[PDB]
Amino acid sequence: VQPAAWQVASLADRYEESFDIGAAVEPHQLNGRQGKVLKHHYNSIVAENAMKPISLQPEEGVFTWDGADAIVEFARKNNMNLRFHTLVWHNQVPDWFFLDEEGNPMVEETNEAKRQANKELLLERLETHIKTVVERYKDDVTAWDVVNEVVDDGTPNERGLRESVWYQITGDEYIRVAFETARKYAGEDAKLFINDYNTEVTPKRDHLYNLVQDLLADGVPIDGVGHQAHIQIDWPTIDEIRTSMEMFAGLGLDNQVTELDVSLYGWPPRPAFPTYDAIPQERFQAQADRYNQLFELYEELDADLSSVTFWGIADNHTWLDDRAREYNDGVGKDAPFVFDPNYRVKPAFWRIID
(Lines of atoms letter the chains of each structure in order from A and count residues from 1; the text may use other names and numbers.)
(Lines give C-alpha, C1' and ligand atoms only; values in the text may rest on other atoms or scores of the structure.)
Protein backbone atom coordinates (compact mmCIF):
# COMPACT_ATOMS: atom_id res chain seq x y z
CA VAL A 1 0.00 0.00 0.00
CA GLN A 2 1.82 2.96 -1.40
CA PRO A 3 1.21 6.53 -0.14
CA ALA A 4 -0.02 9.44 -2.19
CA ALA A 5 2.53 11.40 -4.24
CA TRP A 6 2.06 14.62 -2.21
CA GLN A 7 3.00 12.69 0.95
CA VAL A 8 6.53 11.70 -0.10
CA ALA A 9 9.69 13.84 -0.68
CA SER A 10 9.71 16.18 -3.66
CA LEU A 11 11.52 15.00 -6.83
CA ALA A 12 12.37 18.53 -7.82
CA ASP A 13 13.95 19.15 -4.45
CA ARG A 14 15.88 15.86 -4.70
CA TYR A 15 17.25 16.94 -8.12
CA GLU A 16 17.48 20.68 -7.65
CA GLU A 17 21.31 20.69 -7.86
CA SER A 18 21.11 18.44 -10.95
CA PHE A 19 18.21 19.38 -13.23
CA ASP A 20 14.60 20.65 -13.47
CA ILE A 21 11.89 17.96 -13.00
CA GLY A 22 9.12 18.49 -15.57
CA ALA A 23 5.78 17.18 -16.71
CA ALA A 24 3.60 17.50 -19.79
CA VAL A 25 0.16 18.85 -18.94
CA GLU A 26 -3.28 19.57 -20.44
CA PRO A 27 -5.31 22.61 -19.23
CA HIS A 28 -7.83 20.42 -17.35
CA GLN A 29 -5.04 18.82 -15.27
CA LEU A 30 -3.98 22.00 -13.54
CA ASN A 31 -6.24 21.55 -10.60
CA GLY A 32 -7.23 18.59 -8.48
CA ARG A 33 -4.71 15.99 -7.50
CA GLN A 34 -2.79 16.38 -10.78
CA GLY A 35 -2.36 20.00 -9.76
CA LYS A 36 -1.23 19.05 -6.32
CA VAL A 37 1.26 16.50 -7.64
CA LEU A 38 2.62 19.19 -10.05
CA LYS A 39 3.17 21.84 -7.40
CA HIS A 40 4.77 19.33 -5.04
CA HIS A 41 7.20 17.33 -7.30
CA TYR A 42 7.80 19.50 -10.41
CA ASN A 43 9.39 22.83 -11.20
CA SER A 44 8.79 22.62 -14.90
CA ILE A 45 5.93 21.95 -17.30
CA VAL A 46 5.32 21.68 -21.04
CA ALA A 47 2.00 21.60 -22.93
CA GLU A 48 1.25 18.06 -24.04
CA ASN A 49 -0.94 19.50 -26.83
CA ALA A 50 -2.04 23.09 -26.29
CA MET A 51 1.02 24.59 -28.01
CA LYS A 52 1.43 22.54 -31.15
CA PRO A 53 0.91 24.44 -34.32
CA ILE A 54 -2.67 23.36 -34.93
CA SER A 55 -3.53 24.17 -31.33
CA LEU A 56 -2.42 27.73 -31.85
CA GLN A 57 -3.25 28.68 -35.47
CA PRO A 58 -6.02 26.38 -36.84
CA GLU A 59 -6.88 28.81 -39.61
CA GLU A 60 -4.60 31.39 -41.06
CA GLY A 61 -4.68 34.55 -38.94
CA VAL A 62 -6.88 32.79 -36.39
CA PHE A 63 -5.00 32.29 -33.19
CA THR A 64 -6.50 30.18 -30.42
CA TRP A 65 -4.59 31.08 -27.26
CA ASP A 66 -6.79 29.96 -24.33
CA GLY A 67 -5.31 26.57 -23.49
CA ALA A 68 -1.73 27.61 -23.82
CA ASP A 69 -2.44 30.75 -21.72
CA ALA A 70 -3.99 28.67 -18.98
CA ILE A 71 -0.77 26.61 -18.89
CA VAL A 72 1.45 29.72 -18.85
CA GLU A 73 -0.57 31.29 -16.06
CA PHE A 74 -0.08 28.15 -14.02
CA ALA A 75 3.66 28.04 -14.60
CA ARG A 76 3.80 31.70 -13.67
CA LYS A 77 1.71 31.33 -10.58
CA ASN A 78 3.67 28.34 -9.37
CA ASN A 79 7.19 29.62 -10.24
CA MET A 80 7.84 26.86 -12.77
CA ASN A 81 10.02 26.77 -15.84
CA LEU A 82 8.20 26.20 -19.08
CA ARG A 83 9.25 24.38 -22.20
CA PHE A 84 7.51 25.41 -25.44
CA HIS A 85 6.33 22.44 -27.49
CA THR A 86 6.52 22.94 -30.40
CA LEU A 87 6.93 25.60 -33.15
CA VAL A 88 7.32 23.14 -36.06
CA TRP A 89 6.23 19.57 -36.51
CA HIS A 90 4.75 17.45 -39.35
CA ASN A 91 1.75 16.47 -37.21
CA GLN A 92 -0.93 18.35 -35.35
CA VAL A 93 -0.06 21.06 -37.83
CA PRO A 94 -2.88 22.65 -39.77
CA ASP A 95 -3.63 21.71 -43.43
CA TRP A 96 -3.82 25.32 -44.68
CA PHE A 97 -0.01 25.83 -44.28
CA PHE A 98 0.69 23.53 -47.19
CA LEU A 99 -1.93 24.64 -49.74
CA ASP A 100 -1.10 26.85 -52.78
CA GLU A 101 -3.03 30.07 -53.58
CA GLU A 102 -5.70 27.97 -55.36
CA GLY A 103 -6.13 25.50 -52.51
CA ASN A 104 -4.17 22.52 -53.80
CA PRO A 105 -1.54 20.58 -51.83
CA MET A 106 1.83 22.12 -52.71
CA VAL A 107 3.40 18.59 -52.72
CA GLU A 108 1.28 17.69 -55.80
CA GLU A 109 2.69 20.58 -57.85
CA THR A 110 4.96 19.44 -60.73
CA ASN A 111 6.13 22.74 -62.13
CA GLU A 112 9.60 23.62 -60.69
CA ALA A 113 8.72 27.35 -60.85
CA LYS A 114 5.45 27.19 -58.87
CA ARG A 115 7.15 24.85 -56.40
CA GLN A 116 9.68 27.63 -55.74
CA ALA A 117 6.82 29.98 -55.11
CA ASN A 118 5.21 27.49 -52.83
CA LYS A 119 8.53 27.26 -50.93
CA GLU A 120 8.58 31.09 -50.49
CA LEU A 121 4.92 31.14 -49.36
CA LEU A 122 5.41 28.28 -46.84
CA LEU A 123 8.50 29.82 -45.34
CA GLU A 124 6.69 33.12 -44.98
CA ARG A 125 3.77 31.44 -43.17
CA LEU A 126 6.25 29.70 -40.79
CA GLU A 127 8.03 32.97 -40.03
CA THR A 128 4.66 34.63 -39.29
CA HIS A 129 3.62 31.70 -37.08
CA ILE A 130 6.87 31.64 -35.18
CA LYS A 131 7.06 35.36 -34.68
CA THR A 132 3.49 35.67 -33.41
CA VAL A 133 3.70 32.72 -30.98
CA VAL A 134 7.19 33.63 -29.69
CA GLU A 135 6.26 37.28 -29.25
CA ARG A 136 3.35 36.30 -26.99
CA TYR A 137 5.22 33.69 -24.86
CA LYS A 138 8.67 35.24 -24.96
CA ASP A 139 8.81 36.21 -21.27
CA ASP A 140 7.61 32.86 -19.70
CA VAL A 141 9.16 30.14 -21.89
CA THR A 142 12.53 28.99 -20.58
CA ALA A 143 13.18 26.49 -23.36
CA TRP A 144 11.84 26.26 -26.95
CA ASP A 145 11.36 23.09 -29.04
CA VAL A 146 11.95 25.12 -32.21
CA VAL A 147 11.58 22.03 -34.42
CA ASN A 148 10.35 18.57 -33.61
CA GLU A 149 11.14 15.29 -35.39
CA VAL A 150 12.86 16.71 -38.50
CA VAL A 151 15.48 13.96 -38.60
CA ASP A 152 14.61 10.68 -40.27
CA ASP A 153 14.71 7.21 -38.81
CA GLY A 154 16.49 6.15 -42.02
CA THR A 155 18.48 8.09 -44.65
CA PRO A 156 16.37 9.23 -47.71
CA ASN A 157 18.84 12.11 -48.47
CA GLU A 158 22.22 13.72 -48.01
CA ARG A 159 21.52 15.09 -44.55
CA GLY A 160 19.32 12.25 -43.10
CA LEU A 161 16.22 14.45 -42.86
CA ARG A 162 12.55 13.50 -42.56
CA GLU A 163 10.93 13.91 -46.03
CA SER A 164 7.89 15.46 -44.48
CA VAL A 165 5.70 18.05 -46.06
CA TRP A 166 8.11 20.71 -44.66
CA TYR A 167 11.14 19.12 -46.37
CA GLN A 168 9.36 18.15 -49.50
CA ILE A 169 8.28 21.76 -49.95
CA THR A 170 11.41 23.59 -48.67
CA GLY A 171 14.30 21.11 -48.26
CA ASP A 172 16.14 21.95 -45.05
CA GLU A 173 15.31 25.68 -45.16
CA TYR A 174 12.37 25.61 -42.79
CA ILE A 175 14.78 24.34 -40.14
CA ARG A 176 17.20 27.27 -40.59
CA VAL A 177 14.33 29.75 -40.80
CA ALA A 178 12.66 28.22 -37.74
CA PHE A 179 15.68 28.77 -35.51
CA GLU A 180 16.69 32.09 -36.95
CA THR A 181 13.13 33.40 -36.49
CA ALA A 182 12.91 32.00 -32.96
CA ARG A 183 16.24 33.61 -31.99
CA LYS A 184 15.23 36.88 -33.59
CA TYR A 185 11.98 37.31 -31.60
CA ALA A 186 12.92 35.48 -28.30
CA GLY A 187 16.29 37.24 -27.76
CA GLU A 188 19.89 36.05 -27.48
CA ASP A 189 19.27 34.39 -24.04
CA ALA A 190 16.43 32.07 -25.07
CA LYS A 191 17.28 28.36 -25.20
CA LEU A 192 16.53 26.87 -28.60
CA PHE A 193 16.21 23.08 -28.96
CA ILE A 194 15.96 20.59 -31.76
CA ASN A 195 13.74 17.87 -30.31
CA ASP A 196 13.52 14.26 -31.38
CA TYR A 197 12.94 10.59 -30.47
CA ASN A 198 15.45 7.75 -30.74
CA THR A 199 18.26 10.29 -30.34
CA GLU A 200 20.10 7.48 -28.58
CA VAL A 201 20.60 5.18 -31.52
CA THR A 202 22.27 5.22 -34.90
CA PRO A 203 21.70 6.12 -37.72
CA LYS A 204 19.46 8.92 -36.37
CA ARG A 205 21.88 10.02 -33.69
CA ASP A 206 24.68 10.53 -36.24
CA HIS A 207 22.41 12.33 -38.66
CA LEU A 208 21.34 14.79 -35.91
CA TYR A 209 24.98 15.07 -34.76
CA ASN A 210 26.00 15.90 -38.32
CA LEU A 211 23.03 18.15 -38.82
CA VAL A 212 23.62 20.30 -35.70
CA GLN A 213 27.37 20.51 -36.56
CA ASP A 214 26.41 21.76 -40.04
CA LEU A 215 23.82 24.29 -38.82
CA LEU A 216 26.15 25.59 -36.11
CA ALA A 217 29.04 25.97 -38.53
CA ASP A 218 26.70 28.21 -40.63
CA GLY A 219 25.83 30.35 -37.59
CA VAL A 220 22.24 29.00 -37.28
CA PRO A 221 21.43 29.47 -33.56
CA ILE A 222 20.81 26.27 -31.69
CA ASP A 223 21.49 25.80 -28.00
CA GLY A 224 20.55 22.24 -27.27
CA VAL A 225 19.12 18.83 -28.09
CA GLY A 226 15.84 17.51 -26.73
CA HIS A 227 15.86 13.80 -26.17
CA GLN A 228 12.27 12.63 -26.12
CA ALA A 229 13.20 9.37 -24.39
CA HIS A 230 10.21 7.36 -25.27
CA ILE A 231 12.04 4.35 -23.98
CA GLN A 232 11.50 0.81 -22.82
CA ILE A 233 12.65 -1.29 -19.91
CA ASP A 234 15.73 -2.78 -21.66
CA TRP A 235 16.10 -0.45 -24.67
CA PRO A 236 17.94 1.81 -25.45
CA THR A 237 20.93 0.79 -23.35
CA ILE A 238 22.39 3.08 -20.73
CA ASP A 239 25.59 3.28 -22.79
CA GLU A 240 23.61 4.46 -25.87
CA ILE A 241 21.80 7.11 -23.86
CA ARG A 242 25.01 8.44 -22.32
CA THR A 243 26.96 8.45 -25.60
CA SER A 244 24.20 10.53 -27.33
CA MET A 245 24.00 13.09 -24.52
CA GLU A 246 27.78 13.31 -24.12
CA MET A 247 28.35 13.66 -27.88
CA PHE A 248 26.01 16.66 -28.09
CA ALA A 249 27.54 18.12 -24.93
CA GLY A 250 30.94 17.75 -26.73
CA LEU A 251 29.68 20.36 -29.19
CA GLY A 252 28.83 22.73 -26.36
CA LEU A 253 25.08 21.97 -26.66
CA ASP A 254 22.71 21.62 -23.72
CA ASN A 255 20.67 18.39 -23.39
CA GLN A 256 17.22 18.02 -22.03
CA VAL A 257 15.15 14.87 -21.65
CA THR A 258 11.84 16.18 -22.83
CA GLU A 259 9.07 13.45 -23.03
CA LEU A 260 10.27 10.57 -20.87
CA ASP A 261 8.17 7.50 -20.40
CA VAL A 262 9.25 4.02 -19.51
CA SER A 263 6.79 1.71 -21.26
CA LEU A 264 6.13 -1.69 -19.71
CA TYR A 265 6.19 -3.17 -23.26
CA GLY A 266 8.37 -3.47 -26.31
CA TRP A 267 7.70 -2.10 -29.77
CA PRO A 268 5.07 -2.56 -30.89
CA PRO A 269 3.66 -2.79 -27.35
CA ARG A 270 2.20 -6.28 -27.51
CA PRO A 271 0.96 -8.11 -25.47
CA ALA A 272 -0.36 -5.37 -23.21
CA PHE A 273 -2.23 -6.12 -20.03
CA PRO A 274 -5.88 -5.12 -20.29
CA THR A 275 -6.06 -2.98 -17.18
CA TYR A 276 -3.68 -1.57 -14.59
CA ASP A 277 -4.76 -4.17 -12.02
CA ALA A 278 -3.88 -6.94 -14.47
CA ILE A 279 -0.30 -5.67 -14.61
CA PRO A 280 1.81 -8.14 -12.65
CA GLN A 281 4.16 -6.97 -9.94
CA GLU A 282 7.18 -8.36 -11.81
CA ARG A 283 6.82 -5.63 -14.46
CA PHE A 284 6.69 -2.75 -11.94
CA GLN A 285 9.94 -4.14 -10.51
CA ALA A 286 11.73 -4.44 -13.84
CA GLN A 287 10.58 -0.83 -14.44
CA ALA A 288 11.80 0.16 -11.02
CA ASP A 289 15.31 -1.18 -11.79
CA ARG A 290 15.28 0.57 -15.16
CA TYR A 291 14.36 3.86 -13.54
CA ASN A 292 17.14 3.45 -10.91
CA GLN A 293 19.79 3.04 -13.57
CA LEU A 294 18.29 5.72 -15.77
CA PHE A 295 18.33 8.34 -12.98
CA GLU A 296 21.84 7.20 -11.85
CA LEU A 297 22.91 8.03 -15.37
CA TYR A 298 21.05 11.33 -15.46
CA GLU A 299 22.58 12.54 -12.21
CA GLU A 300 26.05 11.38 -13.33
CA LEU A 301 25.54 13.43 -16.56
CA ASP A 302 24.02 16.46 -14.71
CA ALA A 303 26.78 18.81 -15.83
CA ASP A 304 25.35 18.43 -19.34
CA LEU A 305 21.68 17.92 -18.63
CA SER A 306 19.52 20.89 -17.44
CA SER A 307 15.98 19.35 -17.40
CA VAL A 308 14.24 15.99 -17.20
CA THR A 309 10.56 16.05 -18.17
CA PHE A 310 8.15 13.13 -18.23
CA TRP A 311 5.53 12.99 -20.93
CA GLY A 312 2.78 13.10 -18.31
CA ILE A 313 2.19 13.05 -14.58
CA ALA A 314 0.69 9.83 -13.23
CA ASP A 315 -0.26 6.65 -15.09
CA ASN A 316 -3.95 7.67 -15.47
CA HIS A 317 -2.98 9.76 -18.44
CA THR A 318 -0.41 8.74 -21.04
CA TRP A 319 -0.40 8.58 -24.82
CA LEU A 320 1.17 5.15 -24.36
CA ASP A 321 -2.35 3.93 -23.69
CA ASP A 322 -3.35 4.90 -27.26
CA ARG A 323 -0.46 2.89 -28.55
CA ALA A 324 -1.36 -0.05 -26.30
CA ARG A 325 -5.00 0.08 -27.42
CA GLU A 326 -3.81 0.46 -31.04
CA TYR A 327 -1.68 -2.71 -31.01
CA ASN A 328 -3.94 -4.89 -28.71
CA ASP A 329 -7.45 -4.74 -30.27
CA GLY A 330 -8.62 -1.60 -28.52
CA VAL A 331 -7.96 -2.76 -24.92
CA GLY A 332 -4.55 -2.12 -23.28
CA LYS A 333 -2.93 -0.31 -20.33
CA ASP A 334 0.70 0.89 -20.03
CA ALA A 335 2.19 2.42 -16.87
CA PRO A 336 5.21 4.56 -17.63
CA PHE A 337 5.58 6.89 -14.62
CA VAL A 338 6.60 6.76 -10.97
CA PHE A 339 3.06 7.57 -9.81
CA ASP A 340 0.14 5.19 -10.50
CA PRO A 341 -3.41 5.91 -11.83
CA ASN A 342 -4.46 6.95 -8.32
CA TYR A 343 -1.47 9.26 -7.67
CA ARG A 344 0.24 6.78 -5.40
CA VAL A 345 3.99 6.17 -5.62
CA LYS A 346 5.21 3.13 -7.45
CA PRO A 347 8.19 0.97 -6.70
CA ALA A 348 10.13 3.06 -9.25
CA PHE A 349 9.59 6.22 -7.21
CA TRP A 350 11.66 4.90 -4.28
CA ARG A 351 14.45 3.88 -6.60
CA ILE A 352 14.92 7.50 -7.91
CA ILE A 353 14.11 9.50 -4.77
CA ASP A 354 17.11 8.02 -2.87
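Quick note: we count residues from 1 along the sequence shown, nothing fancier.
- [ ] Take the C-alpha B-factors listed in the entry for 262-270 and for 116-124, compute each mean, and give the stretch with the larger one.
- [x] The entry gives the higher C-alpha B-factor average to 116-124.
TODO: Going by the average Cα B-factor in the PDB entry, point out whether 181-189 or 224-232 comes out higher.
DONE: Result of the comparison: 181-189.
Open item on the list: Highest Cα temperature factor in the entry, among the options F84, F97, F74, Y197: which one is it?
Closed with: Across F84, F97, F74, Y197, the entry lists the biggest C-alpha B-factor for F97.
TODO: Name the one of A143, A278, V146, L216 with the greatest CA B-factor according to the PDB entry.
DONE: That would be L216.
Open item on the list: Quick check for you: using the entry's CA B-factors within this chain, is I353 in the lowest, middle or highest third?
Closed with: Ranked within chain, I353 CA B lands in the middle tercile.
Open item on the list: Sorting by Cα B-factor within the chain, modelled residues only, which third would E300 end up in: lowest, middle or highest?
Closed with: Ranked within chain, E300 CA B lands in the highest tercile.
TODO: Please place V257 in the lowest, middle or highest third of its chain by C-alpha B factor as given in the entry.
DONE: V257: CA B-factor falls in the lowest third of its chain.
Open item on the list: Could you place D315 in the lowest, middle or highest third of its chain by Cα temperature factor, using the values in the record?
Closed with: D315: CA B-factor falls in the lowest third of its chain.
Task: Chain-wide C-alpha B factor ranking for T202, given as lowest, middle or highest third - done: Its C-alpha B-factor belongs to the highest third of this chain's values.
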